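The analysis underlying the following values was restricted to heavy atoms, covering all of them including side chains, and did not include hydrogens, waters or symmetry mates. Order of appearance sets the numbers: ligands from 1, and atoms from 1 within every ligand. Here is the naming used below: chain letters follow the sequence lines, and residue numbers restart at 1 for every chain.
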Protein chains: 6
Amino acid sequence: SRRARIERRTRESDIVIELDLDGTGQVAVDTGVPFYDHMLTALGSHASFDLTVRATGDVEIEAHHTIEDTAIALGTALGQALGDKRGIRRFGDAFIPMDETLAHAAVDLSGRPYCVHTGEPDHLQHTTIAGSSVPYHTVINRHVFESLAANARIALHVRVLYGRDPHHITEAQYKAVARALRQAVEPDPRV
Amino acid sequence: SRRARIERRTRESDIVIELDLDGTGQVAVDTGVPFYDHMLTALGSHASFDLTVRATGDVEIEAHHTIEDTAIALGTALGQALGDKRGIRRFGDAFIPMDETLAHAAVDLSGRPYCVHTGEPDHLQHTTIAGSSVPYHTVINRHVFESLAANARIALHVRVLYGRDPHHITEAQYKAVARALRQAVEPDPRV
Amino acid sequence: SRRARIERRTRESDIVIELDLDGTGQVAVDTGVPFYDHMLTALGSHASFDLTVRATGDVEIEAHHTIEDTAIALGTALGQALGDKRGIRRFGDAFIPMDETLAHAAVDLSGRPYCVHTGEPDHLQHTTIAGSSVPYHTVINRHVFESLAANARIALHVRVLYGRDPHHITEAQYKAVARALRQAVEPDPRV
Amino acid sequence: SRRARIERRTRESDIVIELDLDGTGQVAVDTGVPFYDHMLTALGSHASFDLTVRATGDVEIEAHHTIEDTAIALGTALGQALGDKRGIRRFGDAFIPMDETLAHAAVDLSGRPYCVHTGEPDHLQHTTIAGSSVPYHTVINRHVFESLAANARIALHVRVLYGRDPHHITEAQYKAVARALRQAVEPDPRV
Amino acid sequence: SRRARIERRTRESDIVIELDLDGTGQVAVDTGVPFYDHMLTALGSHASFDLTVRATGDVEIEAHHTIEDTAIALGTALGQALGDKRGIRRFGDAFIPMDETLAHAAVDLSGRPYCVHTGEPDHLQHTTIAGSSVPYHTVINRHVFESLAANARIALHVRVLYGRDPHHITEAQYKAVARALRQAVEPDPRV
Amino acid sequence: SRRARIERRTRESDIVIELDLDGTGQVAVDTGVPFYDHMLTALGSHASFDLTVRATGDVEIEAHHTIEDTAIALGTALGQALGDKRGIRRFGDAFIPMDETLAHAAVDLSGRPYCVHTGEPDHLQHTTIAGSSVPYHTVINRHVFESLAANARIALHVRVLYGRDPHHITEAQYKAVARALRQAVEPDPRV
Ligand SMILES: [Mn+2]
Ligand SMILES: [Mn+2]
Ligand SMILES: [Mn+2]
Ligand SMILES: [Mn+2]
Ligand SMILES: [Mn+2]
Ligand SMILES: [Mn+2]
Ligand SMILES: [Mn+2]
Ligand SMILES: [Mn+2]
Ligand SMILES: [Mn+2]
Ligand SMILES: [Mn+2]
Ligand SMILES: [Mn+2]
Ligand SMILES: [Mn+2]
Ligand SMILES: [Mn+2]
Ligand SMILES: [Mn+2]
Ligand SMILES: [Mn+2]
Ligand SMILES: [Mn+2]
Ligand SMILES: [Mn+2]
Ligand SMILES: [Mn+2]
Ligand SMILES: [Mn+2]
Ligand SMILES: [Mn+2]
């Protein structure tokens, strides 16, 4: 059994994560940041995890703290659920084409904690994805991946090969991480 | 069962496509353009499709119309044979080394219809592959991929990482698409 | 005793500042601009001040006037609480690493009123930090530091050595100013 | 059964290779060049081969001859163990993240003998990895891959996408080749 | 009491670390890599730690694994000895002039795990410091700092402002980290 | 007791220095070069030294010889007063903001004799600070610092980060050296 429940309570936020690595994409994410919900829902589903995320934070300031605390907690949940990491595929990668965008992620689940994030166009450093609720600043993409990798204690390399639309660029990256994780997480019948 | 028979009759050409996604590489291609036959035969075989292509067109003008009409028909056949696309791997990619050439393709079979074609050296914009029959102008490579993606309604990203020989560059690309499709087409035991 | 209460009432805003230089980080900031609240709370806490800030302004226009009026009032409070500035360390500086960001501030509390703000990446000239309330335009960072220095009548040099995330860049700067002030404010046992 | 025993005796060196393609990572490598031992041990293990390498050569001159003769012999063993190459996956690739380094390899086991090695930073042309024994000059990395590909008669493309540490860069490449081989070597249930 | 004993046993190495944050510079380091011993001895002494390091590793390959495993273990010891980190100075920085070299380090002991290493001249990417024993490749400097920061879970920013001699550049950096840690580790009489 | 009296009599000048490291800023400087007097008075006061400087030299030629002989003598006095340098902070640095100018100095009192002087704008190579008496050529700034460091036998790194006014640039540097010395000179309760 590869499950983890993480409860993270800070001054900024209140997080509950329930994670099953061997799931069927049963995902419910509620952080108060709907685009982030969309991204983590995509992450959970495409990784074929079962994932519940319940988060309430200081979104009056902005999404940052909640986003970061959630990523930390999710990272911790991933590492805990992984356990000894014996007999797994360990390495995984995936390409995600999304209209004009092509993104890629590669992981080593038993490698030293590390994150390299490259290729993301410069305008995503100051782009806001905004709806009727709390907005999402795409500059946080790197932060999410770094927080995930550091707390799951994995090597995570995320690349944007090319792209234009910030929604496409961001979603393709989350999905790339997701499917890279899904491959690496699988039992390896020869290891 | 994931089969399709497409009959496409235009002023320019006459096309019959029989496609089985779950084949064993039983391929017979006859378009009147032998290098194109070679490319679609490679595509069918490396995708592990069963594929019959019968095409007669206005090759007195040049191969373009026949090539395009065939790609459209084949795309339509791929989309039809795919059906609802439920329970499939959906995403697929493949690297094809061919001597000095390295090509890559990535697909999303349930993504919006889109094609990105990059990295092909500039001389392929005006290169002709010529034998004893109707020649093949490599500038058409992009056209084929665009027609396939638009009519199969899939996201197809084809890259040449590097290469020199136009035959190698072209064949590696068709083979990359082929094996990307083969991976994406597979039943996914977790979806 | 090094305390000051400043009441500043303009057409744009209504400000009350209570400041104790020799505090324990007892801080409550409410300006109607939650990210600014976060920044001044960080400033008060890391400076080891006791600080209460109550501000209501024309946030329907934007945060600018409130932010500026608050910084002016806080500057005035700092200068008043400083008094004759006898027997204090006078000079102070601090480095603040915050993930990828490194910020620095240096102060001369008995120097001529002056502010130099350098190194902040160009995208912060047009970046918005936005939550569920009144947003914060990072272009105002310099304005805050200039208003503080001019009204406290101190020399304040704020540098960003490098950074990417606008939240990190901004917070590291406020914290750098805070800890620079804390050092400079201390009694000097040899002066 | 896909096994090979190669004995290679030249003026420069004395090599014994025992290879099983369908192994469990039972690896013992002893060439007199300990970093090279480390690399071939990583290669054997990550390829899921069973591999024994016993080599004694003119390491008083330097590691080159031994390294090259070993790579030639290992290549020959790989080609011999492959046999007719019927019913195998044929193509294989793998990404290896190693801290700051990302490496990639792609193979065609039934392609013409060819090696392309790109992306390795310029300082590896003159870098030495040195311990208490015979050192390893990283300039030899390309030589190893070229010798392997030429003697196994396979198409091998090795890329460094980025990296800094010569140990990371080198090991990630050997591991990339290893896992590319492992994928390509697998029986293909549809071919 | 702020002490930690860490025993780390991997396939590559065997490490014992005894650390006292509140020491008097009683330091004994023995890793089999004498320049590394010199660096960690400088680190322990200038941080005013009491530190014993006993390490035996695969130095026949090179110093890398031993160096890295030691840095990981030392990082873990630092984090464990830090405990809840309550009432400490938290932030610390130091400049180290060493002949022509000026180095700097800044830390946040309660910040998120992060390392930024900048300014080191390009020739240190391929420089070897060699004596009568196992040599030290200066490219590993960054690796050490990254491993320390990641495992101590601290924010560590190391800069070389300028320098020429690789021994000076390296030692000044270790000493900068040391004295930055010493400052940050101190009890803060106001926190 | 950390005091020194140096009498230096050359053909060019006649110098008497009385120095107390553990002073209260009781400073009297008279060299016949009033801006230099101002600089050494700032140096003595901000270092919290007790310092008397009496110098008469060949100011008819220019200030150079007197300035240099004074710096040599003062350096010698600093080194002599330092003694064995046991139990002192050893390292010290300070930032000095002065209107538009930011200067910095870092010292190692037990390091090898060395001086690095950087960042001073090019116009100070030929700037004269002139009053009603003997003028001061700012090109001499570097000379002063080099003479101080060489004769005190200390490592002294002086940087101008930025600035415009030659008076500000010069004074900020002397003050930076002063406060760097003051920090480094202090007893270290842990060494
Ligand atoms: Mn953050
Ligand atoms: Mn970047
Ligand atoms: Mn690629
Ligand atoms: Mn979407
Ligand atoms: Mn057309
Ligand atoms: Mn183009
Ligand atoms: Mn061909
Ligand atoms: Mn204004
Ligand atoms: Mn500017
Ligand atoms: Mn914050
Ligand atoms: Mn050779
Ligand atoms: Mn080359
Ligand atoms: Mn290794
Ligand atoms: Mn390493
Ligand atoms: Mn760099
Ligand atoms: Mn040394
Ligand atoms: Mn001179
Ligand atoms: Mn110069
Ligand atoms: Mn600086
Ligand atoms: Mn003055």
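- Not a single N, O or S atom of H65(D), from either the backbone or the side chain, sits less than 2.8 Å from the Mn ion (ligand 11).
- Using bins of under 30°, 30° to 60° and over 60° for the plane-to-plane angle, the ring pair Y36(B)/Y136(B) lands in the parallel bin.
- Using cut-offs of 30° and 60° on the angle between ring planes, the pair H157(B) and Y162(A) is parallel.
- Between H126(E) and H126(D), the two ring planes are perpendicular [angle over 60°; tilted spans 30° to 60°].
- The name of the N, O or S atom in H167(F) nearest to the Mn ion (ligand 20) is NE2.
- If you put the vertex on the Mn ion (ligand 20), NE2 of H38(F) and OE1 of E171(F) sit 90° apart, to the nearest 10°.
- Around the Mn ion (ligand 11), the angle linking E68(D) (OE1) with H143(D) (NE2) is 90°, rounded to 10 degrees.
- Partners of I169(D) according to the side-chain contact (heavy atoms from CB on, under 4.5 Å) rule, which considers only residues two or more places apart in sequence or in another chain, are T101(D), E120(D), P121(D), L124(D), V160(D), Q173(D).
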